[PDB]
Each structure stands twice: as structure tokens, then as C-alpha cells.
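Only one chain is included here, represented as C-alpha cells and corresponding to the form deposited in one PDB entry.
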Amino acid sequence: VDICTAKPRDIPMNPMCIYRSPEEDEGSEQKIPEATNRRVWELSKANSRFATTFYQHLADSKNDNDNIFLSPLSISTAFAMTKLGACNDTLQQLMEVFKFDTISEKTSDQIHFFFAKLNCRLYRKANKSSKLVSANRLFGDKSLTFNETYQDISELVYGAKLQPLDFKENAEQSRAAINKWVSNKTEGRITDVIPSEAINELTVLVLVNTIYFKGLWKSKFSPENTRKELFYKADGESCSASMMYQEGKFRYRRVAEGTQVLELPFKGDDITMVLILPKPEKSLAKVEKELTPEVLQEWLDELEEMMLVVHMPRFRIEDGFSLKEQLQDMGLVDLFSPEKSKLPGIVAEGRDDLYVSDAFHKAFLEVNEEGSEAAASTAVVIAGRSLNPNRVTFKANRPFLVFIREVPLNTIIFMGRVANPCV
């Protein structure tokens, strides 16, 4: 039956390869909420350590006046799926990079199971206020013979059926179909995850994750109070920007160095949007430099309901980029190397030369008077073309950090930086 009601012994599944136990975060922090499996919560902490760390590298590789938008959950889910077929040093690297080894022995050895559990809690909860769904998938070459266990564990644990496409002969048309499926799952918001020419004739498998969020604000903004105003980019140019207005009671706190932290709850209170604004003339860099899940937890736990005036733009951002460079810097070497990569659990027919050529991410965010919409997707390509993509996106001034979190479980669904609010 269900992995949602099941327990480890119910579904005997343990993957092919297993990682060693290192030479237990000393002094467990953040006591778990009620009716919540210890193990799930630990996984939630693992992903949050990846979220902050990944952002750190990401924000370091862009101009400070750039927009950054991602869904670290999606990235984690997709790599965990990828992890199924990993072994030896490729698996250890994934384990460390994603923070999967920074938790207890049992949880560490049962990543996928707990991810299914954690996902059951995220998307399959009986008291929906806001919509939060997810869809996973495997797209593999039509002529190959994949490992049956691999399929089964991936369908059972992540809901990822395996769709056969003709990479070998119709490469270009396969990609489009993958993007069409991704567009479908994200309500036409993420239409182009995989970039032209990335998939080719030597392409074996494409692992995709999709996350979609749409929530109504708990305290709406009146459109008759929304107004226009010029926004001055760093360069010199300006653009129009519809700035919304509202007055009410909201969790807020003025922190160290004058940094303001504001919380905007979606109906239900299960999911909220946190905003982090540096002091008027203060750079975001320091805050971004000292961004650990501990510090974040401190800010949120200091917040005190207060009556205030909220001013925020009606906007839409979108980020699209490749994760190869960043992950490598962060420790993920083997997985992308055609000589050292070791993924022996994907294809039945002993073709053990696989390597992830490139992996793409793409997010979308829209904020308005009614609520907030967000979508995202990760696509990992096994054996295609490593291409060096888009090295230029608009630089604008005075950015704020945005976070779309799930409260009970403390999961960072979406996270980023809005520099250019003009649409």
C-alpha cells in the first residue's frame, strides 16, 4: 500500500550501494513539533543546511544587484532521486554535499523513505488552505534496458514513473516533450527548464522534479491602495513599479544592524513568506554571508506580532541557471566526470560509464494583492552535452531576500533575492 502510511519494514527496499558512517550534530537543536516523526524533521534540517549553503555559493557567483530565485527543495528531491543509482565516491559526495551525512545513522541509511514521508506531509495533507503540489519523473532512452528495481523504487518512493523517449534518433523533440511535461506540472509557469542542445544522441536518462505553490494572502492588499513609482536601477535607468500598500498586525522584528524581518502568512498559517530587508543604506552581503539555518531560526523566534505598514511591489521574477559549477565548488566532483562518475544502478544491461553531463534549475515567482504564486523544477541529464550557459542577466539596485517556508516542519520551499521589482 501507501508509503504515506507505511514503515521501513513494511516496504523492504534498501538501495544498491551504501555509504560509510563518518568519523550526529553535537547538541540537537530545534525540538520537533507535535505528531512529527523525529527522522522526518532531521531530513528537513538536512535540506535547510543545503538551502542556505547552496545559496551562499549562488549569491557569491552573481552580482549583488542581481535577482536570485530557486526552490532548494526541488534541487534536493532531484539529487536524492539521482542518488538511488550512485555508489562509491559519487554517492559519498552527494551524501555530504546535500547534508545527508549530518544526521543520524538510520535516517542517513534511509534517505529516500524519509523523503517520501516528508513529501507525504508537504503535498498530501488533509487540510489544504493553499495549494502545494509536486511531481517527479524519469525520462529514459527508448532502446535501453533500465534496472527494474531502480524503476520500482523510484516510482514507489518518489512517484517517478519512467517515460521512454527517443534520445538516440529524435533528441531535440525529446527535450521539448520533457519541457512540455514540466510546463504541465507547474501550471505553465516553468516552460523551458532544459535548454536547447543540452540533450543529444548519447543521452541516457533525464531525472526531473517539479514543485508548484499558489496561496492566498491571509491579510490581503487592496488594489485601490496599490500605486505606481519609478525604481532607480544601479546603472542609472529607471522603470515603473506598482507598489502595494496595507496596514495590519504582523510578526516583525528590527534586528542587528537595523535589519528588518517581516512575516507574511498565507491563509491557513501553515505556509508563510518571510522578508529580510537590510538597513536603508546597508549591503545585503553581510546578512547573506552569515546565513545559517540557526540564525534564520533565531530571527523567526524573535518576531513579535506588531501593528505596522507594509509596502511591497506587485511583481514577477524568474531565475534559470545550471547547477554544475556551484555543486562542484560545493564538493560534487565525481558525478559530472565521465571517468570518475560511478552510477551502476540505472541501466540493467551493464553500461557503467554513466555521468551527469549537466543539471538545470528554473524558478518563477509572482506576488500580488491576492496572494503569491511560485513554481520550480530541476532536470538532471545523464550523458549529454555540458554547455556553458547564460552569463548575463540584468543588474538593478536595492534587493531584499524572500523565503517561502512551511511552518510546522520548518522546510524552505522557495528562497531568493528580489533586486528588480519592476515588471
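Residue numbers run from 1 along the displayed sequence. In this text, the rigid core denotes the largest set of C-alpha atoms whose superposition between the two forms falls within 1.5 Å.
Not on display, but discussed next: the form deposited with a partner chain bound.
Student: Pick from 117-125, 103-111, 295-303, 205-213: which stretch has a heavy atom within 4.5 Å of its partner chain in the deposited complex?
Tutor: Looking at the partner contacts, the answer comes out as 205-213.
Student: Just to be sure I understand the contacts: of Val274, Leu323, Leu284, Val157, which is the one whose heavy atoms reach within 4.5 angstroms of its partner chain in the deposited complex?
Tutor: Looking at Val274, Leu323, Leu284, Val157 one by one, just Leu323 meets the 4.5 Å heavy-atom criterion.
Student: Give a yes/no on whether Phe364 approaches its partner chain to within 4.5 Å in the deposited complex, heavy atoms considered.
Tutor: Yes, contact at 4.5 Å.
Student: Residue-level contact is defined here as any heavy atom of the residue lying within 4.5 Å of its partner chain in the deposited complex; does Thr186 satisfy this criterion?
Tutor: Flag for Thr186 set to yes.
Student: Can you tell me if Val193 lies within 4.5 angstroms of its partner chain in the deposited complex, counting non-hydrogen atoms only?
Tutor: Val193: yes, in contact with its partner chain in the deposited complex.
Student: Would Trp41 count as a contact of its partner chain in the deposited complex, using a 4.5 angstroms cut-off between non-hydrogen atoms?
Tutor: Residue-level check for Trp41: no, no contact with its partner chain.
Student: If you fit the rigid core and then compare C-alpha positions between the shown form and the other one, only one of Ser143, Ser283, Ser196, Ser337 moves by 2 Å or more. Name it.
Tutor: It is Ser196; the other listed residues stay below 2 Å.
Student: Verify the C-alpha shift of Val381 between the shown form and the other one: is it 2 Å or more after superposing the core?
Tutor: Indeed, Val381 is displaced by 2 Å or more.
Student: Does the distance between the two CA positions of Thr82 reach 2 Å or more between the shown form and the other one, the core being superposed?
Tutor: No, shifts by less than 2 Å.
Student: Has the Cα of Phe231 moved 2 Å or more between the shown form and the other one, judged after a core fit?
Tutor: Indeed, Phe231 is displaced by 2 Å or more.
Student: Using the form shown as baseline, tell whether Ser76 and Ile382 are closer or farther in Cα-Cα distance in the deposited complex, where the change reaches 3 Å or more.
Tutor: More distant in the deposited complex, by 3 Å or more.
Student: Answer with closer or farther for the CA-CA spacing of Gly384 and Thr82 in the deposited complex compared to the shown form; it moves by 3 Å or more.
Tutor: Farther apart in the deposited complex, by 3 Å or more.
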